[PDB]
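Below you'll find only one chain, the form deposited in one PDB entry, shown as structure tokens.
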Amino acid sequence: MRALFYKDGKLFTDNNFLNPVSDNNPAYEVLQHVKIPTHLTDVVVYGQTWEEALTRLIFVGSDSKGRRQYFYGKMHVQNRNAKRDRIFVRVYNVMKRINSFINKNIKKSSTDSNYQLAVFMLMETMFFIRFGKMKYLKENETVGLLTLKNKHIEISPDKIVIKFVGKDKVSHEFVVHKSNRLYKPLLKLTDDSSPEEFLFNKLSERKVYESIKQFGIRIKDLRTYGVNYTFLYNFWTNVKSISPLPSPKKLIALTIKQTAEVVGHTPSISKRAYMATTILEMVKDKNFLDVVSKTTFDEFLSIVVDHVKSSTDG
């Protein structure tokens, strides 16, 4: 994986474009098959044959913020997507332990890291909010879970509203009713009398990483799971409620819309970067809608988990 430097359709071994590579160099095969976007500068193209480019990183260049941007081949992306099946199943098998951890700690002291993590984990499994790295709060004013501040928590005598601007300037509103098990512990954690402070003031990126490590997943996996679970809940409800029934094609489209709105991102992004491919393939089958119809949601969730488990050949 030698680094080669790109400039105006031709390739060099040199930082400042003296000394061009060989004419027959395999990298030129790659350049026939991909277009370097012209908004980039300092473009590096990796010397390899097209067939190997397919499978991994292809080139990287700097956008106008000065950020390094990374471009991958179609096989790399395919493997990426194929992983969502296993993640969905993986999270599903640790939910019982996650809840167990949550409920052990939510009766604890207000400034206990474990109590704070418990709440963190319960907001996450409830609303699928992104991790919220400090970095993006400084750079872009983006708030996610870890970067939530007391000003983002509005208290009413019957509900708590969490309101904040997340990724891509998208505005989010989540609501916690009195009956919700998040009410009591969230009201206890937040301090009205200092709005400029972080909600999870005893946590940090490192604390979260260490804590989640025990379930063998990453916070983003909780979000990937939440999107699939919500899809399944809506799909199940839709089949269960909607006048005779539309085509599976349109039933998936509706379920994806509903799910995307709950989660708060576009339908296209939901289908493409979140949904387990097997679920998407499984639900197309018309005969399968008979199966769904006669089930409680729990036995439905199980059928899907099982099929994804074993169609994944594991």
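Whichever C-alpha set is largest while still superposing within 1.5 Å between the two forms counts as the rigid core. Quick note: we count residues from 1 along the sequence shown, nothing fancier.
What follows is about the form deposited in another entry, which we do not show.
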_Superposing on the rigid core, I want to see if residue 68 changes position between this form and the one not shown - specifically a Cα shift of 2 Å or more._
no
*asked:* Rigid core aligned, does the Cα position of residue 289 differ by 2 Å or more between this form and the one not shown?
replied: no
*Does residue 245 move its CA by 2 angstroms or more between this form and the one not shown when the core is aligned?*
no
